[PDB]
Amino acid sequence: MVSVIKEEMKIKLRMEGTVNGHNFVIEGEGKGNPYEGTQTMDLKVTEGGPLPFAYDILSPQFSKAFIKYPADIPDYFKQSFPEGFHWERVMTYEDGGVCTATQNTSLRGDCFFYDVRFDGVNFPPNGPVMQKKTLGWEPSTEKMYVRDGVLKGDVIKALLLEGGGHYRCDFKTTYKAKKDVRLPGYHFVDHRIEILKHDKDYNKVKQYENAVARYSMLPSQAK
């Protein structure tokens, strides 16, 4: 327990972005259990819908305070409050599409406020993103390590495709606390992001993420 982060917390989100020159805005509202690593958010496309690209490319941009951290791994995100943190992200898809995102996370009362900027370029016109042939993300494990006094997270994620097969994306994120925090050693955050409900064009989406931090499953054999 950190007194400023309660056992149940609310979320409010705004995203502005551009994908292949198409502008859009998304608003979100959610709530979760930060120490349980679970959360649900309801997302609504408010400008630019129906999105001409796969909703899936956005869903990982929608919450690092909701990771279940064991007591022995320092929690970069929960320690950063009340000041909060921002993050910066590159997503390199294997067919030349590239997305950047910058996010600000602040805290007021029992509510987290997320402001996201998202930009995607060079998606092929007949590729799975602009043809909306994706079917959600496989579960993944982000690798968290310190670089220049801030926290990096890297993971190769994969979208399931219509017809089978996968579509890969290299995530490189830098997380930057707005005050000094105890820094963790190298570790893993398992993630599983799921779409619980969507309308036909994904104008209205309920999504859920479960995230848990850990060291490796395998024992050390160090001599």
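The numbering used is simple: start at 1 and walk along the sequence shown.
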| Unmodelled deposited residues flanked by residue 62 on one side and residue 63 on the other | 1 to 3
| note | For 212-220 versus 1-9, entry-based mean Cα B-factors point to 1-9
| Which has the higher mean CA temperature factor in the PDB entry, 26-34 or 46-54? | 26-34
| Taking the Cα B-factors listed in the entry, which of 172, 157, 68, 187 comes out highest? | 68
| note | From 139, 120, 136, 74, the top C-alpha temperature factor is at 74
| query | Relative to the other modelled residues in the chain, which third contains the C-alpha temperature factor of residue 102: lowest, middle or highest? | reply | middle
| field | B-factor third for the C-alpha atom of residue 114 within its chain | value | middle
| By the record's CA B-factor, is residue 80 among the lowest, middle or highest third of residues in the chain? | middle
| task | Would you check the entry's CA temperature factor for residue 86 and let me know if it's in the chain's lowest, middle or highest third? | result | middle
| field | Where the record places residue 108 (Cα B-factor, split into thirds across the chain) | value | highest
